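To be precise, the following lines are model_21.pdb, and they hold PDB, C-alpha atoms and all ligand atoms.
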ATOM      1  CA  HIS A   1       2.156  11.740  11.181
ATOM      2  CA  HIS A   2       5.761  11.694   9.945
ATOM      3  CA  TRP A   3       5.409   8.898   7.376
ATOM      4  CA  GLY A   4       4.190   9.508   3.838
ATOM      5  CA  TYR A   5       4.882   8.584   0.252
ATOM      6  CA  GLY A   6       7.728  10.939  -0.557
ATOM      7  CA  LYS A   7      11.447  10.319  -1.144
ATOM      8  CA  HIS A   8      12.294  11.191   2.414
ATOM      9  CA  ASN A   9       9.368   9.604   4.293
ATOM     10  CA  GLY A  10       8.017   6.963   1.896
ATOM     11  CA  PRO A  11       7.794   3.214   1.993
ATOM     12  CA  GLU A  12      11.540   2.700   2.012
ATOM     13  CA  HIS A  13      11.762   4.656   5.257
ATOM     14  CA  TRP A  14       8.796   3.254   7.136
ATOM     15  CA  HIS A  15      10.769   0.443   8.771
ATOM     16  CA  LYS A  16      12.646   2.884  11.020
ATOM     17  CA  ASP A  17       9.506   3.733  12.986
ATOM     18  CA  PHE A  18       7.579   0.579  12.157
ATOM     19  CA  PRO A  19      10.051  -2.364  12.140
ATOM     20  CA  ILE A  20       7.254  -4.761  11.182
ATOM     21  CA  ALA A  21       7.600  -3.229   7.727
ATOM     22  CA  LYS A  22      10.250  -5.954   7.206
ATOM     23  CA  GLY A  23       8.024  -8.635   8.733
ATOM     24  CA  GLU A  24       6.871 -12.038   7.605
ATOM     25  CA  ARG A  25       3.359 -11.207   6.389
ATOM     26  CA  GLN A  26       3.509  -7.765   4.801
ATOM     27  CA  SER A  27       1.219  -6.403   2.143
ATOM     28  CA  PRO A  28       0.767  -5.766  -0.697
ATOM     29  CA  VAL A  29       2.294  -8.597  -2.708
ATOM     30  CA  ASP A  30       2.584  -9.614  -6.338
ATOM     31  CA  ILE A  31      -0.001 -12.268  -7.231
ATOM     32  CA  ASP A  32       1.653 -14.745  -9.505
ATOM     33  CA  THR A  33      -1.347 -16.303 -11.219
ATOM     34  CA  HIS A  34       0.688 -19.360 -12.264
ATOM     35  CA  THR A  35       1.635 -20.319  -8.793
ATOM     36  CA  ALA A  36      -1.539 -19.417  -6.973
ATOM     37  CA  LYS A  37      -3.468 -22.592  -6.348
ATOM     38  CA  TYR A  38      -7.158 -23.309  -6.529
ATOM     39  CA  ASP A  39      -8.458 -24.260  -3.076
ATOM     40  CA  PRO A  40     -11.629 -26.373  -2.799
ATOM     41  CA  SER A  41     -11.679 -25.714   0.965
ATOM     42  CA  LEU A  42     -12.790 -22.108   0.318
ATOM     43  CA  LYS A  43     -16.514 -21.554   0.988
ATOM     44  CA  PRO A  44     -18.679 -19.198  -1.063
ATOM     45  CA  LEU A  45     -17.874 -15.515  -0.431
ATOM     46  CA  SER A  46     -20.763 -13.473   0.890
ATOM     47  CA  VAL A  47     -20.629  -9.700   0.313
ATOM     48  CA  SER A  48     -23.796  -8.448   2.066
ATOM     49  CA  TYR A  49     -24.062  -4.705   1.594
ATOM     50  CA  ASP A  50     -27.807  -4.144   1.255
ATOM     51  CA  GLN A  51     -28.120  -2.346   4.575
ATOM     52  CA  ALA A  52     -24.901  -0.347   4.366
ATOM     53  CA  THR A  53     -25.081   2.999   6.141
ATOM     54  CA  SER A  54     -22.455   5.411   4.810
ATOM     55  CA  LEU A  55     -21.802   8.542   6.931
ATOM     56  CA  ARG A  56     -18.952  10.754   5.812
ATOM     57  CA  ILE A  57     -16.035  11.184   3.477
ATOM     58  CA  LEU A  58     -12.688  12.407   4.895
ATOM     59  CA  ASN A  59      -9.440  13.548   3.310
ATOM     60  CA  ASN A  60      -6.926  12.211   5.814
ATOM     61  CA  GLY A  61      -3.850  13.594   4.133
ATOM     62  CA  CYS A  62      -2.974  10.312   2.443
ATOM     63  CA  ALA A  63      -6.193   9.139   0.780
ATOM     64  CA  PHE A  64      -9.887   9.748   1.265
ATOM     65  CA  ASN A  65     -12.036   7.462   3.398
ATOM     66  CA  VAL A  66     -15.750   6.820   3.004
ATOM     67  CA  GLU A  67     -16.879   5.859   6.458
ATOM     68  CA  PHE A  68     -19.736   3.608   7.548
ATOM     69  CA  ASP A  69     -21.814   3.057  10.605
ATOM     70  CA  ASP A  70     -20.352  -0.138  12.045
ATOM     71  CA  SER A  71     -22.282  -0.036  15.334
ATOM     72  CA  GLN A  72     -24.358  -3.006  14.177
ATOM     73  CA  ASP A  73     -24.157  -5.712  11.457
ATOM     74  CA  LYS A  74     -25.329  -3.516   8.532
ATOM     75  CA  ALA A  75     -22.790  -4.234   5.813
ATOM     76  CA  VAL A  76     -20.782  -7.401   6.287
ATOM     77  CA  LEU A  77     -18.405  -9.798   4.633
ATOM     78  CA  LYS A  78     -18.482 -13.516   5.380
ATOM     79  CA  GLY A  79     -17.500 -16.837   3.810
ATOM     80  CA  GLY A  80     -14.590 -17.479   1.505
ATOM     81  CA  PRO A  81     -11.530 -17.952   3.726
ATOM     82  CA  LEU A  82     -13.238 -16.174   6.625
ATOM     83  CA  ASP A  83     -14.705 -17.636   9.783
ATOM     84  CA  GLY A  84     -17.324 -15.415  11.385
ATOM     85  CA  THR A  85     -18.561 -12.004  10.462
ATOM     86  CA  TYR A  86     -16.651  -8.948   9.392
ATOM     87  CA  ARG A  87     -18.210  -5.484   9.481
ATOM     88  CA  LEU A  88     -17.547  -2.816   6.882
ATOM     89  CA  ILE A  89     -15.980   0.229   8.524
ATOM     90  CA  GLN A  90     -14.629   2.221   5.550
ATOM     91  CA  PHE A  91     -13.319   2.111   2.058
ATOM     92  CA  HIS A  92     -10.564   4.070   0.371
ATOM     93  CA  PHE A  93      -8.383   3.938  -2.743
ATOM     94  CA  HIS A  94      -4.767   3.993  -3.782
ATOM     95  CA  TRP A  95      -3.905   5.514  -7.174
ATOM     96  CA  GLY A  96      -1.168   6.802  -9.399
ATOM     97  CA  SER A  97       0.054   9.892 -11.150
ATOM     98  CA  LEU A  98      -0.340   8.026 -14.461
ATOM     99  CA  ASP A  99      -2.663   5.208 -15.598
ATOM    100  CA  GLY A 100       0.149   2.655 -15.613
ATOM    101  CA  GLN A 101       0.649   2.659 -11.831
ATOM    102  CA  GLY A 102      -1.410   3.117  -8.696
ATOM    103  CA  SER A 103      -2.364  -0.318  -7.432
ATOM    104  CA  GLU A 104      -0.739  -1.900  -4.403
ATOM    105  CA  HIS A 105      -1.245  -5.500  -5.310
ATOM    106  CA  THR A 106       0.019  -6.479  -8.768
ATOM    107  CA  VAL A 107      -0.991  -9.389 -10.991
ATOM    108  CA  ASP A 108       1.902 -11.095 -12.714
ATOM    109  CA  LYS A 109       3.739  -7.807 -12.049
ATOM    110  CA  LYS A 110       0.937  -5.791 -13.726
ATOM    111  CA  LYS A 111       0.075  -2.567 -11.983
ATOM    112  CA  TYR A 112      -3.452  -1.186 -12.320
ATOM    113  CA  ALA A 113      -4.403   2.455 -12.338
ATOM    114  CA  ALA A 114      -5.855   2.217  -8.821
ATOM    115  CA  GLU A 115      -7.036  -0.157  -6.089
ATOM    116  CA  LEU A 116     -10.126  -0.009  -3.906
ATOM    117  CA  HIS A 117      -9.900  -1.366  -0.341
ATOM    118  CA  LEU A 118     -13.150  -2.210   1.486
ATOM    119  CA  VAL A 119     -12.060  -2.626   5.106
ATOM    120  CA  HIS A 120     -13.940  -4.901   7.518
ATOM    121  CA  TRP A 121     -13.267  -5.993  11.107
ATOM    122  CA  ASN A 122     -14.036  -9.248  12.888
ATOM    123  CA  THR A 123     -16.976  -8.737  15.181
ATOM    124  CA  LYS A 124     -15.629 -11.343  17.654
ATOM    125  CA  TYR A 125     -13.173  -8.650  18.823
ATOM    126  CA  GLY A 126     -15.790  -6.023  19.559
ATOM    127  CA  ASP A 127     -14.170  -2.913  18.059
ATOM    128  CA  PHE A 128     -11.771  -2.084  15.249
ATOM    129  CA  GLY A 129      -8.972  -1.093  17.586
ATOM    130  CA  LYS A 130      -8.978  -4.454  19.274
ATOM    131  CA  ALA A 131      -9.404  -6.293  15.972
ATOM    132  CA  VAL A 132      -6.202  -4.831  14.484
ATOM    133  CA  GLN A 133      -4.219  -6.472  17.354
ATOM    134  CA  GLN A 134      -5.301  -9.949  16.125
ATOM    135  CA  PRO A 135      -3.986 -12.080  13.237
ATOM    136  CA  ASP A 136      -7.504 -12.546  11.962
ATOM    137  CA  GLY A 137      -8.833  -9.152  12.971
ATOM    138  CA  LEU A 138      -9.489  -7.581   9.536
ATOM    139  CA  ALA A 139     -10.641  -8.648   6.136
ATOM    140  CA  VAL A 140      -9.926  -6.291   3.255
ATOM    141  CA  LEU A 141     -11.648  -6.741  -0.092
ATOM    142  CA  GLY A 142      -9.360  -5.351  -2.767
ATOM    143  CA  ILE A 143     -10.667  -4.380  -6.184
ATOM    144  CA  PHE A 144      -8.510  -3.194  -9.080
ATOM    145  CA  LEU A 145      -9.438  -0.203 -11.224
ATOM    146  CA  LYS A 146      -8.552   0.058 -14.884
ATOM    147  CA  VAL A 147      -9.242   3.017 -17.130
ATOM    148  CA  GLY A 148     -12.011   2.515 -19.696
ATOM    149  CA  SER A 149     -15.718   3.223 -19.445
ATOM    150  CA  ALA A 150     -17.044   5.202 -16.476
ATOM    151  CA  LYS A 151     -18.245   3.384 -13.354
ATOM    152  CA  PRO A 152     -21.645   4.868 -12.608
ATOM    153  CA  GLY A 153     -21.585   3.875  -8.970
ATOM    154  CA  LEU A 154     -18.317   5.752  -8.437
ATOM    155  CA  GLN A 155     -19.612   9.036  -9.707
ATOM    156  CA  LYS A 156     -21.138  10.230  -6.423
ATOM    157  CA  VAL A 157     -17.677   9.792  -4.846
ATOM    158  CA  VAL A 158     -15.966  11.703  -7.654
ATOM    159  CA  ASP A 159     -18.365  14.593  -7.410
ATOM    160  CA  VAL A 160     -17.872  15.232  -3.693
ATOM    161  CA  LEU A 161     -14.073  15.360  -3.913
ATOM    162  CA  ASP A 162     -14.284  19.067  -4.726
ATOM    163  CA  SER A 163     -15.417  19.638  -1.180
ATOM    164  CA  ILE A 164     -12.621  17.667   0.533
ATOM    165  CA  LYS A 165      -9.675  18.876  -1.439
ATOM    166  CA  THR A 166      -7.227  19.231   1.432
ATOM    167  CA  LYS A 167      -6.132  17.326   4.503
ATOM    168  CA  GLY A 168      -8.657  17.327   7.354
ATOM    169  CA  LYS A 169     -11.659  18.270   5.291
ATOM    170  CA  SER A 170     -14.771  16.094   5.467
ATOM    171  CA  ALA A 171     -18.249  16.092   4.021
ATOM    172  CA  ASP A 172     -21.553  14.400   4.678
ATOM    173  CA  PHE A 173     -21.695  11.206   2.610
ATOM    174  CA  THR A 174     -24.918   9.479   3.580
ATOM    175  CA  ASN A 175     -26.956   7.109   1.490
ATOM    176  CA  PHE A 176     -24.093   5.828  -0.626
ATOM    177  CA  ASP A 177     -24.416   2.214  -1.832
ATOM    178  CA  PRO A 178     -21.054   0.435  -2.069
ATOM    179  CA  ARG A 179     -22.673  -2.324  -4.196
ATOM    180  CA  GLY A 180     -22.131  -0.028  -7.100
ATOM    181  CA  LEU A 181     -18.372  -0.452  -6.864
ATOM    182  CA  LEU A 182     -18.306  -4.246  -7.315
ATOM    183  CA  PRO A 183     -17.480  -6.137 -10.525
ATOM    184  CA  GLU A 184     -19.727  -8.923 -11.841
ATOM    185  CA  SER A 185     -17.584 -11.777 -10.592
ATOM    186  CA  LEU A 186     -16.509 -12.520  -7.012
ATOM    187  CA  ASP A 187     -13.630 -14.767  -8.117
ATOM    188  CA  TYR A 188     -10.720 -13.916  -5.869
ATOM    189  CA  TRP A 189      -7.272 -14.606  -4.542
ATOM    190  CA  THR A 190      -6.607 -14.735  -0.785
ATOM    191  CA  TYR A 191      -3.544 -14.655   1.451
ATOM    192  CA  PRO A 192      -2.658 -13.534   4.992
ATOM    193  CA  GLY A 193      -1.104 -10.063   5.173
ATOM    194  CA  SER A 194      -1.020  -6.640   6.679
ATOM    195  CA  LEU A 195      -2.207  -3.085   6.591
ATOM    196  CA  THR A 196      -0.444  -1.352   3.707
ATOM    197  CA  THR A 197       0.178   1.840   5.669
ATOM    198  CA  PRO A 198       1.762   2.354   9.081
ATOM    199  CA  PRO A 199       1.330   0.835  11.531
ATOM    200  CA  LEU A 200       1.577  -2.052   9.033
ATOM    201  CA  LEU A 201      -0.031  -4.473  11.480
ATOM    202  CA  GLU A 202      -0.162  -8.116  10.404
ATOM    203  CA  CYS A 203      -3.899  -8.492  11.010
ATOM    204  CA  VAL A 204      -5.453  -8.773   7.543
ATOM    205  CA  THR A 205      -6.995 -11.583   5.550
ATOM    206  CA  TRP A 206      -6.692 -10.231   2.018
ATOM    207  CA  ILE A 207      -9.378 -11.030  -0.517
ATOM    208  CA  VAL A 208      -8.401  -9.594  -3.930
ATOM    209  CA  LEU A 209     -10.922  -9.837  -6.748
ATOM    210  CA  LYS A 210      -9.693 -11.050 -10.106
ATOM    211  CA  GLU A 211     -12.060  -8.932 -12.176
ATOM    212  CA  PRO A 212     -11.215  -5.216 -12.202
ATOM    213  CA  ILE A 213     -13.806  -2.492 -12.411
ATOM    214  CA  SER A 214     -13.553   0.060 -15.189
ATOM    215  CA  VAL A 215     -13.514   3.753 -14.394
ATOM    216  CA  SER A 216     -13.176   6.632 -16.846
ATOM    217  CA  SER A 217     -10.117   8.784 -17.347
ATOM    218  CA  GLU A 218     -12.158  11.739 -16.125
ATOM    219  CA  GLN A 219     -13.029   9.907 -12.934
ATOM    220  CA  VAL A 220      -9.419   8.968 -12.026
ATOM    221  CA  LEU A 221      -8.333  12.460 -13.121
ATOM    222  CA  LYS A 222     -10.487  13.909 -10.371
ATOM    223  CA  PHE A 223      -8.825  11.665  -7.779
ATOM    224  CA  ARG A 224      -5.533  13.225  -8.806
ATOM    225  CA  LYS A 225      -6.824  16.753  -8.107
ATOM    226  CA  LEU A 226      -6.921  16.040  -4.384
ATOM    227  CA  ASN A 227      -4.211  17.383  -2.118
ATOM    228  CA  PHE A 228      -2.000  15.768   0.492
ATOM    229  CA  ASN A 229      -1.472  19.132   2.152
ATOM    230  CA  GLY A 230      -3.758  21.087   4.397
ATOM    231  CA  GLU A 231      -5.562  24.257   3.368
ATOM    232  CA  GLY A 232      -3.391  27.259   2.867
ATOM    233  CA  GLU A 233      -0.241  25.179   2.441
ATOM    234  CA  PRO A 234       1.767  24.710  -0.785
ATOM    235  CA  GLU A 235       0.022  22.296  -3.083
ATOM    236  CA  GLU A 236       1.071  18.682  -3.230
ATOM    237  CA  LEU A 237      -1.131  16.613  -5.459
ATOM    238  CA  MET A 238      -2.487  13.443  -3.896
ATOM    239  CA  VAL A 239      -1.024  10.913  -6.305
ATOM    240  CA  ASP A 240       1.068   7.744  -6.003
ATOM    241  CA  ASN A 241      -0.190   6.916  -2.513
ATOM    242  CA  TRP A 242       0.598   3.206  -2.949
ATOM    243  CA  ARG A 243       3.063   0.886  -1.291
ATOM    244  CA  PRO A 244       4.941  -1.416  -3.666
ATOM    245  CA  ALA A 245       4.849  -5.216  -3.513
ATOM    246  CA  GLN A 246       6.572  -6.810  -0.539
ATOM    247  CA  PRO A 247       8.302 -10.209  -0.227
ATOM    248  CA  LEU A 248       5.840 -13.122  -0.097
ATOM    249  CA  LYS A 249       8.061 -15.084   2.279
ATOM    250  CA  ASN A 250       6.407 -18.196   3.711
ATOM    251  CA  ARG A 251       2.947 -17.609   2.238
ATOM    252  CA  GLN A 252       0.709 -19.258  -0.299
ATOM    253  CA  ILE A 253      -1.818 -17.337  -2.355
ATOM    254  CA  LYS A 254      -4.995 -19.362  -2.872
ATOM    255  CA  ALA A 255      -7.463 -18.964  -5.766
ATOM    256  CA  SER A 256     -11.224 -19.330  -5.354
ATOM    257  CA  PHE A 257     -11.579 -20.369  -8.990
TER     258      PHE A 257
HETATM  259  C1  LIG B 301      -8.937   1.615   8.767
HETATM  260  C2  LIG B 301      -8.164   1.176   7.929
HETATM  261  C3  LIG B 301      -6.907   0.968   7.235
HETATM  262  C4  LIG B 301      -5.764   1.569   7.773
HETATM  263  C5  LIG B 301      -4.508   1.414   7.169
HETATM  264  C6  LIG B 301      -4.387   0.664   5.995
HETATM  265  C7  LIG B 301      -5.535   0.066   5.478
HETATM  266  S1  LIG B 301      -5.297  -0.891   3.994
HETATM  267  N1  LIG B 301      -4.581   0.115   2.894
HETATM  268  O1  LIG B 301      -6.582  -1.304   3.518
HETATM  269  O2  LIG B 301      -4.357  -1.960   4.294
HETATM  270  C8  LIG B 301      -6.792   0.208   6.064
HETATM  271  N1  LIG B 302      -7.907  14.134   9.730
HETATM  272  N2  LIG B 302      -6.753  14.559   8.924
HETATM  273  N3  LIG B 302      -5.622  13.825   9.138
HETATM  274  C1  LIG B 302      -4.983  13.748  10.406
HETATM  275  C2  LIG B 302      -3.910  12.731  10.646
HETATM  276  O1  LIG B 302      -2.696  13.123  10.867
HETATM  277  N4  LIG B 302      -4.273  11.532  11.205
HETATM  278  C3  LIG B 302      -3.222  10.674  11.763
HETATM  279  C4  LIG B 302      -3.748   9.738  12.885
HETATM  280  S1  LIG B 302      -3.248  10.453  14.494
HETATM  281  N1  LIG B 303       1.345  18.386   2.842
HETATM  282  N2  LIG B 303       1.212  16.955   3.072
HETATM  283  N3  LIG B 303       2.201  16.135   2.651
HETATM  284  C1  LIG B 303       3.175  15.635   3.590
HETATM  285  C2  LIG B 303       2.999  14.137   3.698
HETATM  286  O1  LIG B 303       3.888  13.448   3.105
HETATM  287  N4  LIG B 303       1.739  13.715   3.931
HETATM  288  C3  LIG B 303       1.445  12.325   4.221
HETATM  289  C4  LIG B 303       0.786  11.613   3.000
HETATM  290  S1  LIG B 303       0.455   9.893   3.498
HETATM  291 ZN    ZN B 304      -5.621   0.595   1.445
END

Output the file's structure in the form of structure tokens.
Amino acid sequence: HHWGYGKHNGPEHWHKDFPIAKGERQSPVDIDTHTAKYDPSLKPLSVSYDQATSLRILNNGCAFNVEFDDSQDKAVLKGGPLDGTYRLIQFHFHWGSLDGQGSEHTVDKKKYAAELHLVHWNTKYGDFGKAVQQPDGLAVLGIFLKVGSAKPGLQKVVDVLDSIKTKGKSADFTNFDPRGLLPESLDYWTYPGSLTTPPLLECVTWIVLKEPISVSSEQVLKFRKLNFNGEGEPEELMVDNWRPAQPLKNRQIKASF
């Protein structure tokens, strides 16, 4: 694809091919904690990952995706702002070149070192491709990463990155348990938004956890050793693959707490 994160094809250019980039419910956004309002209408959030079936990890040229078997209800998200059942299809991260940037969402303008997106689609629509054409087709659980102590449940991800250094490479990634990437608390913020890469479709219910997970410097350092380029091409480190905050427009961010 033509789009990327560089000066000539980055976020400020995406609107030429994807005019929805200037739409009414774009993501990410800044979460102003002083104007977000507690909502008693929100039901308990249910993250049910016990039967998750991971398959593969892929360097897609922009991030890496850990993919799941979504052919049945094995790992699902329900409750909170959501009606019905949303199946886990993949997760990926966004991160920076330096620890002071990398996240897509910000909190009172604070950028974290990275952001984890656990992507789920609404089973009422039958497949992911149909779900992304619907306003309520996806639910993305966003989790901030800060640099501190190592996250043990991340380490299996870090150690396979060696084998998917360049665009188009993949590796077997079975028997990975995404429960190991979650913080203690499920307190969250929620708002209606979009995919944060082209095609930027306005199909996502965002659920952003308040509590970040800690990862070590060595762990995030390994993320930054990945490449955007394919094998045998000049090296471009895979860093700063985040879209900045977009205008909130006519949206309210609701707090679960
Ligand atoms: C699948 C998936 C997928 C594709 C584009 C962006 C996103 S994101 N970054 O979670 O909004 C997820
Ligand atoms: N695999 N690798 N990345 C290929 C890429 O260009 N995908 C774009 C969707 S057509
Ligand atoms: N080589 N490679 N880099 C070109 C490009 O910008 N890739 C898309 C990253 S999302
Ligand atoms: Zn993402």

### Task
Using atom CA of residue 116 of chain A and atom CA of residue 96 of chain A as the two end points, give the distance in Å to one decimal.
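It comes out at 12.5 Å.
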
### Message
as a ChimeraX atom specification, please: every protein or nucleic acid residue near ligand ZN 304 (chain B) (cut-off 7 Å, counting all atoms listed in the file).
### Response
/A:92-94,117,196

### Query
Given a cut-off of 9 Å, what residues near ligand LIG 303 (chain B) show up using all atoms listed in the file, put as a list in words?
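Within the 9 Å cut-off, the matching residues are residues 1, 2, 3, 4, 5, 6, 8, 9, 10, 60, 61, 62, 63, 166, 167, 197, 227, 228, 229, 230, 233, 234, 235, 236, 237, 238 and 241 of chain A.
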
### Query
Hey, which of A:50, A:30, A:104, A:12 ends up closest to residue 179 of chain A? Count all atoms listed in the file.
A:50

Please determine an axis-aligned box that encloses all atoms of ligand LIG 302 (chain B) listed in the file, with 6 Å added on each side, and express its centre and edge lengths in Å to one decimal as AutoDock Vina command-line options.
--center_x -5.3 --center_y 12.1 --center_z 11.7 --size_x 17.2 --size_y 16.8 --size_z 17.6

### Task
Identify all residues satisfying the PyMOL selection byres (((chain A and resi 246) around 12) and not hetatm) in the given file; provide them as a PyMOL selection string.
chain A and resi 11-12+20-31+104-106+109+193-196+200+242-245+247-249+251

### Query
What's the 9 Å shell around segment 145-157 of chain A, counting only C-alpha atoms, without same-chain residues fewer than 5 positions away, as a VMD selection string?
chain A and resid 57 66 95 99 103 112 to 116 173 176 to 182 212 to 220

### Message
Under the PyMOL selection byres (((chain A and resi 47) around 7) and not hetatm), which residues of this model are included? Write them out as a list in words.
### Response
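In the shown coordinates, the PyMOL selection byres (((chain A and resi 47) around 7) and not hetatm) covers residues 45, 46, 48, 49, 76, 77 and 78 of chain A.
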
Shell around residue 88 of chain A at 9 Å using all atoms listed in the file, local window under 6 positions removed, as a PDB file with C-alpha atoms, in the coordinates of the input:
ATOM      1  CA  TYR A  49     -24.062  -4.705   1.594  1.00  0.00           C
ATOM      2  CA  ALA A  52     -24.901  -0.347   4.366  1.00  0.00           C
ATOM      3  CA  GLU A  67     -16.879   5.859   6.458  1.00  0.00           C
ATOM      4  CA  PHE A  68     -19.736   3.608   7.548  1.00  0.00           C
ATOM      5  CA  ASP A  69     -21.814   3.057  10.605  1.00  0.00           C
ATOM      6  CA  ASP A  70     -20.352  -0.138  12.045  1.00  0.00           C
ATOM      7  CA  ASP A  73     -24.157  -5.712  11.457  1.00  0.00           C
ATOM      8  CA  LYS A  74     -25.329  -3.516   8.532  1.00  0.00           C
ATOM      9  CA  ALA A  75     -22.790  -4.234   5.813  1.00  0.00           C
ATOM     10  CA  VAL A  76     -20.782  -7.401   6.287  1.00  0.00           C
ATOM     11  CA  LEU A  77     -18.405  -9.798   4.633  1.00  0.00           C
ATOM     12  CA  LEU A 118     -13.150  -2.210   1.486  1.00  0.00           C
ATOM     13  CA  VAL A 119     -12.060  -2.626   5.106  1.00  0.00           C
ATOM     14  CA  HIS A 120     -13.940  -4.901   7.518  1.00  0.00           C
ATOM     15  CA  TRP A 121     -13.267  -5.993  11.107  1.00  0.00           C
TER      16      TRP A 121
END

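If you look at atom CA of residue 189 of chain A and atom CA of residue 255 of chain A, they are 4.5 Å away from each other.
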
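A straight line drawn from atom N2 of ligand LIG 302 (chain B) to atom CA of residue 129 of chain A is 18.0 Å long.
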
### Task
Could you tell me which of A:54, A:142, A:107, A:85 comes closest to residue 175 of chain A if we count all atoms listed in the file?
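With all atoms listed in the file as the atom set, the closest residue is A:54.
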
### Message
Just checking: using only C-alpha atoms and all ligand atoms, which residue out of A:36, A:204, A:58, A:141 ends up closest to ligand LIG 302 (chain B)?
### Response
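Result for the nearest residue to ligand LIG 302 (chain B): A:58.
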
### Message
As a check of understanding, name the residues that the PyMOL selection byres (((chain A and resi 138) around 7) and not hetatm) selects in the supplied structure, as a list in words.
### Response
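For this structure, the PyMOL selection byres (((chain A and resi 138) around 7) and not hetatm) captures residues 120, 121, 122, 131, 132, 136, 137, 139, 140, 203, 204 and 205 of chain A.
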